[PDB]
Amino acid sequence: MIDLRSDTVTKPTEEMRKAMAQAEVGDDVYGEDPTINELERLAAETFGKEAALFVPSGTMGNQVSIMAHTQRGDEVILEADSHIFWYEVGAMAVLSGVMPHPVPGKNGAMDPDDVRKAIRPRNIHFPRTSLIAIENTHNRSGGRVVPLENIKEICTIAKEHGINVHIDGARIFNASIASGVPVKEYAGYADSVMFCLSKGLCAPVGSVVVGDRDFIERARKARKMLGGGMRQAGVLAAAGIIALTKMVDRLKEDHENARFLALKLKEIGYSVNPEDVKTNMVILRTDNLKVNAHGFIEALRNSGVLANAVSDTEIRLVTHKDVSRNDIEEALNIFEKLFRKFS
């Protein structure tokens, strides 16, 4: 099976397996796991922040950040098609008791003026806007890169209003490789950032939240409350350190494979836009096919290719370390066969 469903399916490299087996560990609840401690120190340093927190998943990373930045009844401004709003089981309402305030965005970039208008005036009928979330390499729009200038202007707006800014940077390294903007620069215009180690970076488990000392202390207590307070998590952190320090550069290979995939799919005749492919995702439309997205995903599966439908007429293809050029070439042969059948 050629897995193009997501970059979450990446498996540990041999270097990672050895590192986990030889991991120096301790009880993290007491802050005594050396490897977890080093991963957090490294993560904080890399993002230009004073502190960091390791978590079991990007969802918990986002949720502890929301809890640490807000109070019950607050409102959180976020992009209309963001992961926090659509794919996190409504956790923000249950855990933090906060309201989402959706703002339309163009490929992840909310117009600064719209953000300004989304901030609630001081009134008894309205919740207090205390957080603005930005997702970089906006998933739903096809792994699009949010311009640094966009984040910079929103940060200015936030500062004037005393509002916190959190970047959902699950794939922030993909954004950095594509844009040439160091992650510490994106983070310089945010109060906190969550990034995943378990997707394109290939770690088996976990993400990290970076930010100020006080913020992280609150997020650490939130993590304890949610059930993320683990013991000898250094076994996971060992692979995390390798993901952070050795798996970033090669992300360019995933981007190269995504573009190649898009160009060939277009050449075949599929409804794809190579010009929109800047990171590791390709959106394919079923508009010119005698079947919808769901029916096409089924056809692909029966032929050996796995992918997810994101709407009734759109499917998402995602490249990563475990889908080589060879697999991309094989996938294309299948796509070519299916095009003749469904065009």
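Residues carry their position along the shown sequence, with the first being 1.
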Per the entry, higher mean C-alpha B factor between 30-38 and 281-289 = 281-289
Entry B factor averaged over C-alpha atoms, 270-278 against 47-55: higher for 270-278
What third of its chain, lowest, middle or highest, does the C-alpha temperature factor of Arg17 fall into?
-> highest
Hey, what third does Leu261 fall into on Cα B-factor, ranked over its chain?
-> middle
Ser82 by Cα B-factor - lowest, middle or highest third of the modelled chain | lowest
Lowest, middle or highest third: where is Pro104 by Cα B-factor in its chain?
-> highest
Sorting the chain's modelled residues by C-alpha B-factor and splitting them into thirds places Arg316 in the middle
